[PDB]
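Next comes just one chain, in structure tokens: the form deposited in one PDB entry.
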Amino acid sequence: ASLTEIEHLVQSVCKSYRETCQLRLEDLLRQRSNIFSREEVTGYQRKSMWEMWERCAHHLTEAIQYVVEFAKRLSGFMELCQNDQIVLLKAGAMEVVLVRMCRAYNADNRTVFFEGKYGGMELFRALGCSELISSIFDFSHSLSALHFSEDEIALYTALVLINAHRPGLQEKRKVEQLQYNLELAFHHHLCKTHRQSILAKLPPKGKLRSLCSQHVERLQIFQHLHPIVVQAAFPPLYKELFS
């Protein structure tokens, strides 16, 4: 509720993000030419479905952990009640990951960083869910067309997380105050850096809900054909969030 309070919110969010982003951008850019060879890709396509789901679920969980830590350092988050902190994270941890991951996607060759190197979606054929994979690559693609800055990613991912429309929130208005302050910080920064054109091009709020949904739907199909593998080999946190 003041121009410098807002300029200052921007820096703290940007700062929170740099401290919690898991992979440094430089490194992800270095590695772009470290591409998987055809033999390696075959190696992956010939791993069993369940070995491959388990690997993907561990990576996702590593990534989600950084998202929690981002939440904790977020100005305002910890001052909410523990019901709403949980609600917000259950809903949006993954959505945030869906945005973060575009730093690791290369639009020139349609690849994504995974286990050391870059690969295309044919890398993940063993999972048996190519509609989900290609929705994720198409999402990453469409974000890469906005050429985000890190500051822009910080501010926007803070807004994804801090959504006052989530069902289950008890202290709903305290989330609106926090949201609104972050709406402002973000919009101010785009105004300062001449980037308000990107607003019209951002994904519909629908789109992140949809991909989160496909994920849950394919999970259930998998779980139903491999109940014990989920029970015995899937990270607890993954199961907390997605079962």
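Note that residue numbering follows the sequence shown and begins at 1. Only the largest set of C-alpha atoms that superpose within 1.5 Å between the two forms is called the rigid core.
Keep in mind that the form deposited in another entry is missing from the display, and what follows is about it.
**Q** Does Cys14 count as moved between this form and the one not shown, where moved means a C-alpha shift of 2 angstroms or more after fitting the rigid core?
**A** No, the C-alpha position differs by under 2 Å between this form and the one not shown.
**Q** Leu225: CA shift of at least 2 Å between this form and the one not shown after core fit?
**A** Where the cores coincide, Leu225 still shows a C-alpha shift between this form and the one not shown that is 2 Å or more.
**Q** Can you tell whether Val229 sits closer to or farther from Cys129 in the other entry than it does here, judged by CA atoms, where the change is 3 Å or more?
**A** Farther, not closer.
**Q** Just to spell it out: taking the C-alpha atom of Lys90 and the C-alpha atom of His224, is that distance smaller or larger in the other entry than in the structure shown here, given it changes by 3 Å or more?
**A** Note: Cα gap between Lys90 and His224 shrinks in the other entry.
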